[PDB]
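Throughout, protein chains are lettered first and strands after them, A, B, ... in sequence-line order, and every chain is numbered starting at 1.
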2 protein chains.
Amino acid sequence: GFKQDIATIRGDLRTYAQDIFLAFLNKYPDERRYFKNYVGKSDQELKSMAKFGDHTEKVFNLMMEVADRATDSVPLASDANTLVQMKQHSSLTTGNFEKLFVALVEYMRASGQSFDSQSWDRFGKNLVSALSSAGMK
Amino acid sequence: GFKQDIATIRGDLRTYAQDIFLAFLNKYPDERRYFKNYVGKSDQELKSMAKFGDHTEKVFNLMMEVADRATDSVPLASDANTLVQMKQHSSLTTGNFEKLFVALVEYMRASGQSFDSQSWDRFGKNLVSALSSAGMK
Ligand code: HEM
Ligand code: HEM
Ligand SMILES: [N+]
Ligand SMILES: [N+]
């Protein structure tokens, strides 16, 4: 289930973080503009840029912490607040986050690795609701 | 994105080249008049002609190079010049090129693969503008 999925992802965080992040940018190419250093780079090209590995690592580490602190795929109000208040997310709306989770769920469904994809969909919806409660437009 | 799409196509070049070129010819069957020995043949008959596979490969090899040398899907002027000045292209107008890119973009949208179709549309439009600047009618 969801908790095991967190263990799956954490076990090979670099690979899953990079895979899912690329799935996100490739599914929603207009999202790439937020990451100006990734413009004009193929998947394999990004995988040798230090910042790309570091960014995806840090993002998915945090996402897993929020996931782990959730109850029944409902994230904590304080965690939603952390995500809204981050300077790096100041220009974002909840639509950006929906897109990420749609891509993430599609990735999991397409994987050969078992995942509780429905629970990640639910988590994404609940996080979107929490981001709104916390003041993201 | 666009840069990744170049890798995707190069990773199965012969197959994508023939499939995209066939989409082009089937969408615009009167374009066959610029070629030799294509009329009156099905997709499979075309794919069994040695010259067909070799032509499509050479076209797509070069097209991917032009894409790869571009910045933000804007091709180099010298690449546009080369395409205009090729003896094989002497009787073409930019309309021929726009049709090829309409078919290519349509192919990408219809595919099961995550292409950045809008960036290929821009690339086609930018190529046409560049071909015009290079003197193609
Ligand atoms: C739950 C989902 C998300 C989490 C946990 C998360 C987490 C993070 C973290 C930890 C950083 C800082 C990383 C570092 O300092 O290296 C960061 C930066 C950033 N995030 Fe997010 N993020 C999420 C969703 C999104 C979405 C959906 C977008 C926009 C499409 C986005 C856009 C950005 C941008 C542009 C930066 C700055 C990166 C840079 O300057 O190189 N984030 N995020
Ligand atoms: C960016 C788009 C295009 C690229 C990269 C491209 C590239 C090429 C290349 C590499 C060749 C082979 C020349 C040689 O063997 O030395 C070729 C030949 C040719 N191309 Fe293109 N081409 C493009 C668009 C077009 C279009 C739109 C048409 C017509 C609708 C066209 C018509 C032809 C013809 C008629 C030949 C000669 C074929 C023959 O041997 O009978 N090309 N092209
Ligand atoms: N990946
Ligand atoms: N195809």
List the atom of [X], the atom of [Y], and the distance in Å for their closest heavy-atom pair.
| X | Y | answer |
| --- | --- | --- |
| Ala17(A) | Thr56(A) | CB-O, 3.5 Å |
| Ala67(B) | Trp120(B) | CB-CH2, 3.9 Å |
| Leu25(B) | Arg32(B) | CD2-CG, 4.0 Å |
| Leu92(A) | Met136(A) | O-CG, 3.7 Å |

In Å and rounded to the nearest 0.5 Å, what is the [atom1] to [atom2] distance from [X] to [Y]?
| X | Y | atom1 | atom2 | value |
| --- | --- | --- | --- | --- |
| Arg109(A) | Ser111(A) | CZ | OG | 12.5 Å |
| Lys99(A) | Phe24(A) | NZ | CZ | 8.0 Å |
| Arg14(A) | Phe60(A) | CZ | CZ | 13.5 Å |
| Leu131(B) | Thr93(B) | CG | OG1 | 10.0 Å |
| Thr71(A) | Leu76(A) | OG1 | CG | 6.5 Å |
| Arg33(B) | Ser91(B) | CZ | OG | 8.5 Å |

Would a hydrophobic clustering, with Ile, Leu, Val, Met, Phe, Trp and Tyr connected at side-chain separations under 4.5 Å, put [X] with [Y]?
| X | Y | value |
| --- | --- | --- |
| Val84(A) | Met86(A) | yes |
| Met63(A) | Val74(A) | no |
| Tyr28(A) | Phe115(B) | no |
| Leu62(A) | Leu100(A) | yes |
| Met108(B) | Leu127(B) | yes |

Main-chain N/O of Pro75(B) paired with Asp79(B) side-chain donor or acceptor, under 3.5 Å: no
#### Entry: Any donor-acceptor N/O pair, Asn126(A) side chain to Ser73(A) backbone, under 3.5 Å
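Judged by distance alone, yes, a pair lies under 3.5 Å.
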Looking only at the aromatic ring of each residue, does the gap between the centers of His89(A) and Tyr34(A) stay below 6.0 angstrom?
no
ask   = What about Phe101(A) and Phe123(A), are their ring centers closer than 6.0 Å?
value =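 Under 6.0 Å, so yes.
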Next item on the list: Mark yes when over 12 heavy atoms from residues, nucleotides or ligands other than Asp54(A) sit less than 6.0 Å from its CG; otherwise mark no.
Entry: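 Yes, the 6.0 Å shell around CG holds more than 12 heavy atoms from other groups.
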field: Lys3(A) NZ: over 12 foreign heavy atoms closer than 6.0 Å
entry: yes
Check against ring-ring contact (aromatic ring centres under 6.0 Å, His included), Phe52(B) and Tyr38(B) = CA-CA 9 Å; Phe52(B) 180 84; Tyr38(B) 291 175; 5.5 Å; yes
- Message: Run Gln118(B) and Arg122(B) through side chain to side chain contact (heavy atoms under 4.5 Å, CB included) and show every step you take.
- Response: CA-CA 6 Å; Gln118(B) 301 162 103; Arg122(B) 275 180 297 264; 4.0 Å; yes
With a 4.5 Å heavy-atom cut-off, do [X] and [Y] have their side chains touching?
| X | Y | result |
| --- | --- | --- |
| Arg10(A) | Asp68(A) | yes |
| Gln18(A) | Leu46(A) | no |
| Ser119(B) | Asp5(B) | no |
| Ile6(B) | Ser42(A) | no |
| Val102(A) | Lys27(A) | yes |
| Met49(A) | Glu45(A) | no |
| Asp12(B) | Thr15(B) | yes |

**Request:** Give the intermediate values and the outcome of side chain to side chain contact (heavy atoms under 4.5 Å, CB included) for residues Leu13(A) and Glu57(A).
**Result:** CA-CA 7 Å; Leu13(A) 201 130; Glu57(A) 279 283 311; 3.7 Å; yes
Between [X] and [Y], does any side-chain donor sit less than 3.5 Å from a side-chain acceptor?
| X | Y | answer |
| --- | --- | --- |
| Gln4(B) | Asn26(A) | no |
| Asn37(A) | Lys41(A) | no |
| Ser78(A) | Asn81(A) | no |

Only one of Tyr16(B), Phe35(B), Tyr107(B) passes ring pair (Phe, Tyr, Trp, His ring centres under 6.0 Å) with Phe21(B), and that residue is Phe35(B)
Could you walk me through whether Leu22(B) and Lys47(B) satisfy the side chain to side chain contact (heavy atoms under 4.5 Å, CB included) test, starting with their C-alpha distance in whole Å, then the side-chain angles of each, then the deciding distance to 0.1 Å, before giving a yes or no? CA-CA 9 Å; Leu22(B) 289 167; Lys47(B) 291 197 274 173; 4.0 Å; yes
